Amino acid sequence: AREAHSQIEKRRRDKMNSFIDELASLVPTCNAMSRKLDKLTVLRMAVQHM
Amino acid sequence: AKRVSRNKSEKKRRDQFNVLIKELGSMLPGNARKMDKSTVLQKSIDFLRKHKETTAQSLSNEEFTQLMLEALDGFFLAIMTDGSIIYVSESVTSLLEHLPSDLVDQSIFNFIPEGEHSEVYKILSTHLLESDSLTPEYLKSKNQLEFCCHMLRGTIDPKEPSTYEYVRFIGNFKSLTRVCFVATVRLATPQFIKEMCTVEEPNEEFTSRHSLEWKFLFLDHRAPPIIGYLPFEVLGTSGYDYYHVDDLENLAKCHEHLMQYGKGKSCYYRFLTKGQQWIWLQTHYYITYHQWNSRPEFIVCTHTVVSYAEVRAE
Amino acid sequence: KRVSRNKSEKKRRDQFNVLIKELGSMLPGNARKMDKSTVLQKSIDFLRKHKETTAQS
Amino acid sequence: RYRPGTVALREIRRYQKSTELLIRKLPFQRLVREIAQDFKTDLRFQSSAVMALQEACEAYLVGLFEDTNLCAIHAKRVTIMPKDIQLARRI
Amino acid sequence: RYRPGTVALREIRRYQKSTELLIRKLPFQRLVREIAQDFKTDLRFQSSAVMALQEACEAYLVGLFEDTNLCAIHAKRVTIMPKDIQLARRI
Amino acid sequence: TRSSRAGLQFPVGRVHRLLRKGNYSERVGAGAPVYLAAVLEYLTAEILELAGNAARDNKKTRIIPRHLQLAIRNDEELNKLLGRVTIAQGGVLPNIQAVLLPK
Amino acid sequence: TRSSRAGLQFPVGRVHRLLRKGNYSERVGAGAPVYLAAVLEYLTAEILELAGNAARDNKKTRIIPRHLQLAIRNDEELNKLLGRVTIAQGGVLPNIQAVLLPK
Amino acid sequence: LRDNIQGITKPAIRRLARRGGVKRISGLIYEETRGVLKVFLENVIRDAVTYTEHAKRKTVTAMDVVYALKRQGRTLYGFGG
Amino acid sequence: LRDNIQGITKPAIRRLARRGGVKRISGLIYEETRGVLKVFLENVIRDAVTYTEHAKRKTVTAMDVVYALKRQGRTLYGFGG
Amino acid sequence: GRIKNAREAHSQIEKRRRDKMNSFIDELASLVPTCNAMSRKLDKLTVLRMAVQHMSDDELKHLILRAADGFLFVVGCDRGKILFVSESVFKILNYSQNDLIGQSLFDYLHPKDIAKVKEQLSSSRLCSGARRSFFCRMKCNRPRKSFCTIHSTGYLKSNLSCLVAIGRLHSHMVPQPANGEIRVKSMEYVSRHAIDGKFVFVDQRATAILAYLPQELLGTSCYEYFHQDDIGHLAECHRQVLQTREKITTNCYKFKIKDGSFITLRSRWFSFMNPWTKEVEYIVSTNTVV
Amino acid sequence: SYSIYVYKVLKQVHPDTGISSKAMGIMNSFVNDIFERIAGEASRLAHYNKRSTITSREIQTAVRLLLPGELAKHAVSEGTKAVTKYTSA
Amino acid sequence: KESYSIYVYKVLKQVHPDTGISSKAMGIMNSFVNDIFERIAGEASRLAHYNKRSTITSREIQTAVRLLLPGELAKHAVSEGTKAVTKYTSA
DNA sequence: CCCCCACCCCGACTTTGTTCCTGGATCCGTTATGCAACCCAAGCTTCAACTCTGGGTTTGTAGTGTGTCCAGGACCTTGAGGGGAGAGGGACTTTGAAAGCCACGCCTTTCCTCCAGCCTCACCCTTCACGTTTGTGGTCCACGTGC
DNA sequence: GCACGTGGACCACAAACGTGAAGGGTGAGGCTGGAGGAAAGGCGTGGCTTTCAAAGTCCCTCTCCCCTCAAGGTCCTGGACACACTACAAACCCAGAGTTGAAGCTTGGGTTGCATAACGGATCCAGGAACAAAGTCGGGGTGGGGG
């Protein structure tokens, strides 16, 4: 059971990575940046864009 | 530029450390060069200790003090009850033409007229007081005193008859590890123009060029900081417009000697700054020639500021 | 060392959470207790709709 | 007239065989004294010095013209241009 | 592939920016000894002397190359030819 | 030292000895060494000044042969005085003829 | 006579004196002026021979600066040794490039 | 005086160029030649005048011209020395 | 010792030409350059060896190279003087 | 082996060096309250910053303040606004600190002195070059006497450049005359005149002695102020001094002043000659109060 | 060698800078080169005038001949000032 | 004052007895002799200095000659100076 | 290929310069003394020579594409060639006196000598600057697991 | 699901490290400077007379000026190929190391040497006379172009 829960946690962290990249796609600055950004930087840019 | 960039950053770390070491060492007392960085830190350690101890057991006031002393036409003076002088401010030389070394350790009554000695002796000797452990002497009304007297002037030629100035002492009696009196001495006759007697820098200089009519053809960037006039304010004007009355004749003699020899060194003289101070100078001169016939074209003048002690010595 | 890694990790998670909360706070029809992924999805939709509606105003 | 170039070749032969000065003397003297006055006035000049200057100048100029001719030839030209002189001097 | 000449411009900038010796020192040293033996065999050299020789040679050649380049430019040409070297040397 | 009496940095005694050697003349007038030392010091000052400017323009604190070459080839009068002179690791000015530029 | 000892025309005494003048050195070995005089005489003979040959080619019996110019500029070794000398009334070699000739 | 540089006439320059084997000449040459010659003369004259001045004389002698040319790297025989 | 003239590589010549601002090089240059260098260097070597010989030495010193360059109008700084 | 050994002693002397330096960095930190209060090993760089940040006078302050006279003021050069003034100004101008601070000196100045003060406020341990000194008329709260003549002396100082100066209201009368027993220096003022006697240069002592400010004398003739009873004598002295280099001293004479009265003066005159041109530059005079 | 004086001069011109040993050797070579030029030219001038002594006149003339006019003016001024200060004291 | 006209003329009669020389050509020759003398003397002086020698000997001259003269001329001049010094030393 | 025109060199006559003869000297040469510059024999240690091993940046050789060099046609305008006219140059002659040269007398400038003593140079010790690695830790993250 | 943990990633600091560059100190003696004197170089005065300046005049070459017309410079166009650019392979250059001793360099000994000076002397230099060469003008022969 714990493996299934941990892999649901992986599904969650994957969903979050995917939505962080999608949110980045809606932020011009993030959409323009080259390096694989660290999560906090993406979210800071997102709250700055809104 | 990858590793050039990392090396730039590391050399910058190096630089920042060096800058901080230099700043740290610059503020110390008894400053000197050739100290190793460890010695710089050790002297900073010692200085922090000493300064913290002395302060704990205790616009700038220096600029205010200078400004007020000058405006009042005055100087600090301190003397023992026996009449012996113990300290004096340098401004005394500009006001009375005595050097501090001519005053210190000497009797004040050598400069006060003999017909007034009894009065100042009474002033100094009649007052006696012992302070408590709580109140500084200068703050007690009993120690404050205001009085007036005449004082002798110095001179460049001892043949001049004795000349004096009336002054007011404003000061207080203070004890020293004997009892002295220390006062701001103000001249009763105001002195709206005065001579600078000590050079505020170890050496300072400025250069110019002059025509065969002695009119300014050039003034360097160092003059305005010294004399207060910008180049355009002097160009075309005669150098004589800025020299002191008594020195006009000696400077004419110097320029005649220069016309005689083409090069040389001048006598001492005074120059009136835009700030209304006569500054003592000495100048080196030489002349340049028009190749077509080897006759003069312009004079070059290198002016050096000098002290009243060197003036009075020769 | 481990205490400092714990501190920096909690700081990382706290910064992330503060940013998630600020991001979600600007949304229309706001409601608390939304899952992080739901916060981001609603933020994605809100950015799309707000940008389009404002641009075409 | 003869076709241009032929008479020039005859002139070239003449002046290469010859040795006399090709410049006018008195204009040269006046030009010298005109220049010299700028360095110093009231100057006096030996005719030997004048002749030395004339010879040196013609020699220098002819050498420079030879180099200029080489440059023009290199540029596939018969006619020399100021650029040829500038280049030769620079080299 | 970059276009002919573009890399040459980057090279020109590089080599003008640098100051290092461009000839390989051992070939140069053996060439020196190959020449020197003709005048005297069993002859030694201070390495510094060899370096001075190499630096003088590279400087001299670089100057001659620059002059030759001016010649080619005068001929309105980019590729330098032995004619250009010969003309420069003659001048 | 005569140099001190002249306010000069260079060793006037050495200069006088060197002029007295080398067989440049039978005698040396006493003012000649001073004059020459002044000239040398002046040229040295000019050169070092230009060199330090070049170094600072490239953010360097140490003068290297490249700086001397740059200074000397940039300065027209020094380039005249030293036109035929060569300097170790001197390099060249970044001169490029316009015809060579691509467009 | 020293010149006679060496079998030479040129004056050894004058050469020796000239070497003691000019401050060329503190001392001068006795054989030095002899060697120098021999070299000078040899070079002089070369020049005069070539100049006389030029004069004869020009059907002349007295040397003039024109002859010296032609001779020195025709002899490659002397031409290299004296390339930068100018000769009063020397003229130039009759050189014309083939490209300039009519065709 | 002045303007004696134009005294270097176009035919004189033609003769000189012809001695240099020059078959054809562009008009621009003449002024350029005058300028070059002016520079050359100015240099030589400056040096000769300097020699004369150091000798404290007022008369220019051919020996000064020769010394000037010598130090300029160009040697002229047949004017003494 | 043989063929060391070939030791002067075509890339070395190219680099020197680039330092000389040269953009394009004809192949004949490589051999032409080798010849010119051989001449120049041989003359310098002859002079330096002549200095060494007069000094009755068996080792060439940089000062001899300096003198050889100096007298050929190639004054060089960096090796004393 | 010998090379490696020589490198050990040297490299460990360098170790001794960095140990000494780190010890002294830590000691210096101990002497900085903030660094000593900080728990963590502060890096050498931050430690040095904090150290440089971390790195009788009142007797003198009273000794000079008790002797003070006039009023101190600070006026911005770019501003003309009085940035500060001492309370003693209320004794002098009768305006208070609050009436002066935050307001511009130039309305308190007389209209013809505003230009002069502006020229003085132009830029070019207080150094003689930055020094400035001028007489001017300043308004008073109670009034022709709506203005009083103030001597202002100060220096220029820096973000907003300003003149720091003392303004003193000197008595134009001469109190406490000299005792006959004592040789005392009388008040004096120097002036220079064109051939016709028109002022071409004058000093501030002339303003203290004559009440006329410098611009009020420059461009005017001395004969506009000489008293007619002495103009004959003074004109004789003038005619004589034009012919000789010798210094001629006049008799005592009367000279008119701004308020309309006369004062007694005695003057020493000479015609100075420039040696380069062999020409008289101008008449030079030192006037003396009798 | 002149390294001491070269260094001191730099410390008067650019106190915040140092010198590579190669640059210092270059300066020594340059000093000796210029010394040789001037001394030889002055020797010739003395000979051209059959003089036995080299003075500041000969050096001034050799400087005017050797240096371009700009540098010549400044160098002549420097020699003049140096000789003036020395002789005057 | 001194010139080499005597020896120039005697040498001319050695090489071309039938031939004379003009004073202009004689001046050319005297200038040449003096020039070569100066070249050799200066080079020999430098040589002696470079070797901290106070004396100029035939070795210094031979070396200066080898340095100054082209190859063929150098061989002949060296042989001539050798013969002259040999005979002079024998005599 | 032949004839005509122009240029280049030679020949003749007149004036100036050079060579040969004459007298006086001092430049050249000899023989002598002197102090020492330099050669020579010898020993001691160094730097250069000579060699090797290992690494790898530079060099060599090869393949392909095109920018450059060259040839070519063709315009059109610039220089050349000549004619013809006019002017300052060139040659030769003259005079004026200024400047360079010379000789005479005085003196003071610098070489030469010896000494004194300290600044510049060499070595030795020590320190700092630097890159540069590394240590070292912190910031932070990716996603595990635990709670 | 979130928070914390650990491993991992990444950043940047922080320190020491040793190496390379530099500077400070002490030894130390060479070299600078000063005193003292001698006598040689130079300044100074007084005079002359040689050379260039400056000009006049006539004859004349050379320069000024104008026009025509073909040739040379130039522009524009097209071809191909010699050169540059990429690639892999190789090597010898570079770096670092070791090993050997010929030559560099110093010391001491002794000599042969060249300078210097006095003195001898005769070939050279200034000057006087005669002959040949140089300058100027005219004629003849050779070289090239045009028909």
# chains A, B, ... in the order shown; residues from 1 in each chain; ligands from 1

$ residues_around --residues "residue 43 (chain H)" --least-positions-apart "4" --cutoff "12 Å" --atoms "only C-alpha atoms (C1' of nucleotides)" --output "ChimeraX atom specification"
/D:32,35-36,39,53,57 /H:36-39,47-50,65,68-69,71-72 /K:65-66,68-69

$ write_last_selection --atoms "N, CA and C atoms" --output "tab-separated table (two decimals), in the first residue's frame"
chain	number	residue	atom	x	y	z
D	32	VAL	N	63.75	78.37	-51.06
D	32	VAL	CA	64.60	78.04	-49.91
D	32	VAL	C	64.55	79.17	-48.89
D	35	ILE	N	61.27	79.36	-47.10
D	35	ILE	CA	61.16	78.37	-46.04
D	35	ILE	C	62.06	78.76	-44.87
D	36	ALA	N	63.32	79.09	-45.17
D	36	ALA	CA	64.31	79.30	-44.12
D	36	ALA	C	63.93	80.46	-43.21
D	39	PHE	N	62.42	79.63	-39.89
D	39	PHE	CA	63.25	79.12	-38.81
D	39	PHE	C	64.14	80.21	-38.22
D	53	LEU	N	71.45	71.37	-52.10
D	53	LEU	CA	70.02	71.16	-51.91
D	53	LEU	C	69.35	70.78	-53.22
D	57	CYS	N	67.55	67.24	-53.75
D	57	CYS	CA	66.12	67.23	-54.00
D	57	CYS	C	65.80	66.50	-55.29
H	36	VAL	N	55.10	67.28	-51.00
H	36	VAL	CA	56.13	66.35	-50.56
H	36	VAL	C	57.49	67.04	-50.54
H	37	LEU	N	57.80	67.76	-51.61
H	37	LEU	CA	59.08	68.46	-51.70
H	37	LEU	C	59.19	69.53	-50.62
H	38	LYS	N	58.09	70.21	-50.34
H	38	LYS	CA	58.08	71.21	-49.28
H	38	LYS	C	58.41	70.58	-47.94
H	39	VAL	N	57.82	69.42	-47.65
H	39	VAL	CA	58.11	68.71	-46.41
H	39	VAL	C	59.59	68.33	-46.35
H	47	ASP	N	67.19	71.10	-40.02
H	47	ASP	CA	68.42	70.51	-39.49
H	47	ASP	C	69.63	71.39	-39.78
H	48	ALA	N	69.74	71.87	-41.02
H	48	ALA	CA	70.88	72.70	-41.40
H	48	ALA	C	70.91	73.99	-40.59
H	49	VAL	N	69.75	74.62	-40.43
H	49	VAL	CA	69.64	75.83	-39.62
H	49	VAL	C	70.04	75.53	-38.19
H	50	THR	N	69.66	74.37	-37.67
H	50	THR	CA	70.03	74.00	-36.31
H	50	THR	C	71.55	73.90	-36.18
H	65	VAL	N	74.47	71.27	-44.75
H	65	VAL	CA	73.53	70.51	-45.56
H	65	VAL	C	73.93	69.04	-45.58
H	68	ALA	N	73.24	67.38	-42.23
H	68	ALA	CA	71.81	67.14	-42.12
H	68	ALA	C	71.40	65.91	-42.92
H	69	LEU	N	71.82	65.85	-44.19
H	69	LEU	CA	71.49	64.70	-45.02
H	69	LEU	C	72.07	63.42	-44.42
H	71	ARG	N	72.71	62.63	-41.21
H	71	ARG	CA	71.92	62.13	-40.10
H	71	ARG	C	70.52	61.72	-40.52
H	72	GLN	N	70.03	62.21	-41.66
H	72	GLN	CA	68.75	61.77	-42.20
H	72	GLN	C	68.86	60.46	-42.98
K	65	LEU	N	67.50	68.12	-32.63
K	65	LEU	CA	67.70	67.33	-33.85
K	65	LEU	C	66.99	65.98	-33.74
K	66	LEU	N	67.15	65.31	-32.59
K	66	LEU	CA	66.68	63.94	-32.44
K	66	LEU	C	65.17	63.89	-32.22
K	68	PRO	N	61.08	64.91	-31.98
K	68	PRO	CA	60.07	65.75	-32.62
K	68	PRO	C	59.82	67.02	-31.80
K	69	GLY	N	59.29	68.04	-32.48
K	69	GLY	CA	59.22	69.37	-31.89
K	69	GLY	C	58.48	69.42	-30.57

$ select_by_dssp --residues "chain K" --states "strand (DSSP E)" --output "PyMOL selection string"
chain K and resi 18-19+53-54

$ residues_around --residues "residue 23 (chain D)" --least-positions-apart "5" --cutoff "12 Å" --atoms "only C-alpha atoms (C1' of nucleotides)" --output "ChimeraX atom specification"
/D:28-29,31,51,53-55,57-59,61 /H:5,7-17 /M:89 /N:62-63

$ atom_distance --atom1 "CA of residue 48 (chain A)" --atom2 "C1' of residue 2 (chain N)"
25.5 Å

$ closest_atom_pairs --of "chain K" --to "chain L" --cutoff "12 Å" --atoms "only C-alpha atoms" --output "CSV"
residue,atom,partner,partner_atom,distance
K:36,CA,L:46,CA,11.3
K:40,CA,L:42,CA,10.4
K:44,CA,L:38,CA,11.5

$ write_last_selection --atoms "C-alpha atoms" --output "compact mmCIF listing (two decimals), in the first residue's frame"
# COMPACT_ATOMS: atom_id res chain seq x y z
CA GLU K 36 73.68 56.33 -26.90
CA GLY K 40 76.86 60.10 -30.22
CA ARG K 44 79.53 64.64 -33.66

$ interface_residues --of "chain K" --to "chain B" --cutoff "12 Å" --atoms "only C-alpha atoms" --output "list in words"
residues 64, 73, 74, 76, 77, 78, 80, 81, 82, 83, 84, 85, 86, 87, 88 and 89 of chain K

$ closest_atom_pairs --of "chain M" --to "chain I" --cutoff "9 Å" --atoms "only C-alpha atoms (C1' of nucleotides)" --output "JSON lines"
{"residue": "M:58", "atom": "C1'", "partner": "I:11", "partner_atom": "CA", "distance": 8.7}
{"residue": "M:59", "atom": "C1'", "partner": "I:9", "partner_atom": "CA", "distance": 7.1}
{"residue": "M:60", "atom": "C1'", "partner": "I:9", "partner_atom": "CA", "distance": 9.0}

$ residues_around --residues "region 26-28 of chain A" --least-positions-apart "4" --cutoff "8 Å" --atoms "only C-alpha atoms (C1' of nucleotides)" --output "PyMOL selection string"
(chain A and resi 22+32+45-46+49) or (chain C and resi 44+47-48)

$ interface_residues --of "chain N" --to "chain A" --cutoff "12 Å" --atoms "only C-alpha atoms (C1' of nucleotides)" --output "list in words"
residues 1, 2, 9 and 10 of chain N

$ write_last_selection --atoms "N, CA, C and O atoms (P, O5', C5', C4', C3', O3' and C1' of nucleotides)" --output "mmCIF file, in the first residue's frame"
data_model
loop_
_atom_site.group_PDB
_atom_site.id
_atom_site.type_symbol
_atom_site.label_atom_id
_atom_site.label_comp_id
_atom_site.auth_asym_id
_atom_site.auth_seq_id
_atom_site.Cartn_x
_atom_site.Cartn_y
_atom_site.Cartn_z
ATOM 1 P P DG N 1 -4.230 15.162 -2.701
ATOM 2 O "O5'" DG N 1 -3.598 15.556 -1.292
ATOM 3 C "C5'" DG N 1 -4.373 16.222 -0.309
ATOM 4 C "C4'" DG N 1 -3.458 16.867 0.702
ATOM 5 C "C3'" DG N 1 -2.338 17.676 0.066
ATOM 6 O "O3'" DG N 1 -2.357 18.989 0.590
ATOM 7 C "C1'" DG N 1 -1.436 16.047 1.602
ATOM 8 P P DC N 2 -1.256 20.071 0.165
ATOM 9 O "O5'" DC N 2 -0.332 20.126 1.451
ATOM 10 C "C5'" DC N 2 -0.919 20.023 2.742
ATOM 11 C "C4'" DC N 2 0.149 19.744 3.760
ATOM 12 C "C3'" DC N 2 1.399 20.584 3.551
ATOM 13 O "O3'" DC N 2 1.713 21.280 4.738
ATOM 14 C "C1'" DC N 2 1.960 18.249 3.657
ATOM 15 P P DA N 9 22.563 14.934 -9.104
ATOM 16 O "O5'" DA N 9 22.336 16.502 -9.052
ATOM 17 C "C5'" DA N 9 21.014 17.001 -8.924
ATOM 18 C "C4'" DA N 9 21.037 18.494 -8.749
ATOM 19 C "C3'" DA N 9 22.129 19.186 -9.552
ATOM 20 O "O3'" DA N 9 21.515 20.091 -10.437
ATOM 21 C "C1'" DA N 9 22.097 19.975 -7.298
ATOM 22 P P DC N 10 22.358 20.856 -11.558
ATOM 23 O "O5'" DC N 10 22.688 22.223 -10.831
ATOM 24 C "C5'" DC N 10 21.680 22.852 -10.053
ATOM 25 C "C4'" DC N 10 22.275 23.962 -9.232
ATOM 26 C "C3'" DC N 10 23.473 24.642 -9.889
ATOM 27 O "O3'" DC N 10 23.089 25.948 -10.276
ATOM 28 C "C1'" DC N 10 23.821 24.248 -7.543
#
